[PDB]
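What follows is a single structure, and I will ask about it in a moment.
These values consider heavy atoms only, across backbone and side chains, with no hydrogens, waters or symmetry-generated copies. Quick note: residue numbers are just sequence positions, from 1. In each ligand, atom 1 is the first atom listed, and ligand 1 is the first ligand listed.
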Amino acid sequence: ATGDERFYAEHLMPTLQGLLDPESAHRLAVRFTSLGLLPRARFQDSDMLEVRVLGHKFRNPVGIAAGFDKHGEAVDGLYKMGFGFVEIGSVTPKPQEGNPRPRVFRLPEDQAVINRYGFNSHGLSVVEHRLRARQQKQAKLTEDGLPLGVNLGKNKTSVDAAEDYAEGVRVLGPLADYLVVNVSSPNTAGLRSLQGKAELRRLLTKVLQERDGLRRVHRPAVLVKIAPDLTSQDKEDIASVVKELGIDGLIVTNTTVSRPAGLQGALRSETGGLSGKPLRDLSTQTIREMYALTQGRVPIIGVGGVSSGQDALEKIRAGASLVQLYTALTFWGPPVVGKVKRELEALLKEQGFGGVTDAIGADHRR
Ligand SMILES: Cc1cc2nc3c(=O)[nH]c(=O)nc-3n(C[C@H](O)[C@H](O)[C@H](O)COP(=O)(O)O)c2cc1C
Ligand SMILES: Cc1cc(NC(=O)c2c(O)nn3ccccc23)c(C(C)C)cc1Oc1ccccc1
Ligand SMILES: O=C(O)c1cc(=O)[nH]c(=O)[nH]1
């Protein structure tokens with residue numbers, strides 16, 4: 001536990017959060033990150049944290065989840081924070097404002113957040129030019145083990161979701177190491193309902209056709225991001241279509257529209273997706289189920305409620321090859337990234353694993 005770690009968690013972050021509502025704080029965090037105004041990330045990544053998956057090398061398995069850098073403004077500052085990979089978005093085809101404010105809420109007693117941003121997005125064209133301005137720098141980062149993902153959304157007024165996602169593949173696919181199709185945002189009408197098995201097969205067939213049409217060095221992996229709120233039938237159907245079509249991986253999970261018993265925050269009954277600690281074990285159980293339904297042959301990125309090495313390793317043993325976090329960054333600040341990495345390496349050694357790779361799916365072999 002470095003000095004920075006306790007100072008940020010016990011003094012600095014609680015003070016700033018006391019002065020700034022969550023949306024204003026989010027905006028200032030993006031600005032400061034984009035300018036490089038961050039503490040020293042001292043942790044050096046060891047060989048045991050390296051993972052090779054989705055056609056790329058990841059120097060460590062801890063990424064920043066979608067929704068923090070929605071518009072691609074802070075990618076290099078996020079690598080400087082120590083993340084092994086960065087995912088931007090969600091990005092919609094046209095710019096759109098999102099839902100009226102207030103639309104973000106903190107539940108500090110639960111280590112949780114509720115949000116109904118509604119896909120506020122600068123749009124594909126603005127994000128395209130931002131990534132083009134650093135495209136070759138990113139190629140060098142990716143070669144050195146720091147890949148980039150892009151998360152694709154749809155506009156609120158769209159009549160055909162599949163054409164929204166196709167446009168995103170055509171415009172940002174050539175700039176991404178992997179693309180994400182959300183079947184799971186809680187704050188757009190009809191989005192998650194993209195589950196009708198034949199409809200989902202139609203959607204993903206069109207996405208993969210568009211992807212396969214891109215030139216070889218600009219052809220990304222394609223992943224599906226799902227909610228934790230699916231029925232057992234929904235999960236069976238998703239696993240089936242994913243294997244049938246050759247989808248490259250899954251992200252598990254988005255926020256939940258459930259409200260687990262025991263939440264204490266005054267704002268627990270606000271509409272929106274809940275993230276952070278109340279989501280942690282629901283997300284881990286969804287990883288465990290999707291890994292089994294796909295026979296361990298489809299890489300999973302595990303996400304929901306991760307703030308320690310134990311949280312990360314539980315998801316890896318359940319089936320994740322990589323993990324992401326977001327809500328913990330908002331309460332701990334930048335030092336949380338090195339904390340998770342240091343604790344994960346210690347636990348791997350304690351449990352007798354040679355590295356991250358040896359622990360993926362290990363609970364299923366017991
Ligand atoms: C404020 C906020 C905005 C988010 N926006 C997006 C988004 O645009 N697209 C997406 O796929 N997930 C979005 N997410 C979900 C996260 O990517 C992640 O799946 C979820 O928050 C669980 O991780 P966590 O508990 O570590 O925060 C958002 C989450 C939060 C808290
Ligand atoms: C990494 C980070 C995050 C945040 N905060 C948020 O992002 C945030 C929040 O506070 N609530 N929230 C709800 C939904 C979504 C986001 C949020 C803040 C604010 C408290 C200013 C600062 C941050 O970086 C620092 C901290 C110290 C020194 C240098 C950089
Ligand atoms: O409201 C959004 O933009 C949003 C919130 C969230 O939790 N997940 C997502 O995919 N989008």
> Does any N or O atom in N120 lie less than 3.5 angstrom from one in ligand 3, N or O only?
Replying inline: no
> atom 19 (O) of ligand 1: which of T327, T253, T255 has the nearest heavy atom?
Replying inline: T253
> Tell me, which protein residue and heavy-atom name are nearest atom 28 (C) of ligand 2, and how many Å apart are they?
Replying inline: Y8 CE2, 3.6 Å
> Is it true that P334 lies under 4.0 Å from ligand 2, counting heavy atoms only?
Replying inline: yes
> Within a reach of under 6.0 Å around CD of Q44, are more than 12 heavy atoms found that belong to other residues, nucleotides or ligands?
Replying inline: no
> Does even one non-hydrogen atom of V30 get within less than 4.0 Å of ligand 2?
Replying inline: no
> Of the listed options (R280, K225, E23), which comes nearest to atom 10 (C) of ligand 1 when hydrogens are ignored and any heavy atom counts?
Replying inline: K225
> Which protein heavy atom lies closest to atom 4 (C) of ligand 2, and at what distance to 0.1 Å?
Replying inline: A29 CB, 3.6 Å
>> Side chain or backbone, does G118 bring an N or O within less than 3.5 Å of an N or O on ligand 3?
In response: yes
> Under a 4.5 Å side-chain heavy-atom rule over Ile, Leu, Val, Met, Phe, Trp and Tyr, are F353 and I316 clustered together?
Replying inline: yes
>> Between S232 and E236, do the side chains contain a donor N or O and an acceptor N or O under 3.5 Å apart?
In response: no
> Can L325 be said to touch ligand 1, with heavy atoms closer than 4.0 Å?
Replying inline: yes
>> For atom 14 (C) of ligand 2, what is the closest protein heavy atom, and at what distance to 0.1 Å?
In response: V104 CG1, 3.7 Å
> Which residue supplies the protein heavy atom nearest to atom 17 (C) of ligand 2, what is that atom called, and how far is it?
Replying inline: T330 CG2, 3.5 Å
> For ligand 2, which atoms, with element, lie under 4.0 Å from some heavy atom of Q17?
Replying inline: 9 (C), 10 (O), 11 (N)
> Could you go step by step and tell me if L274 and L279 meet the side chain to side chain contact (heavy atoms under 4.5 Å, CB included) rule?
Replying inline: CA-CA 7 Å; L274 172 81; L279 170 72; 5.7 Å; no
>> Looking only at distances, can you tell me whether any N or O atom of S90, backbone or side chain, sits closer than 3.5 Å to an N or O atom of ligand 3?
In response: no
> Considering only the protein, which heavy-atom contact is closest to atom 11 (N) of ligand 2, and what is its distance?
Replying inline: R106 NE, 3.1 Å
>> Just to confirm my output: which protein heavy-atom neighbour is closest to atom 29 (C) of ligand 2, and how far is it?
In response: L37 O, 3.7 Å
> What is the nearest protein non-hydrogen atom to atom 15 (C) of ligand 1, stated with its residue, atom name and distance?
Replying inline: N254 OD1, 3.6 Å
> atom 15 (C) of ligand 2: which of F32, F68, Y326, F7 has the nearest heavy atom?
Replying inline: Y326
> If hydrogens are left out, which of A25, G333, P335, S275 has an atom nearest to atom 21 (C) of ligand 2, that is, the closest non-hydrogen atom?
Replying inline: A25
> Parallel under 30°, tilted from 30 to 60°, perpendicular over 60°: which one fits the rings of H71 and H122?
Replying inline: parallel
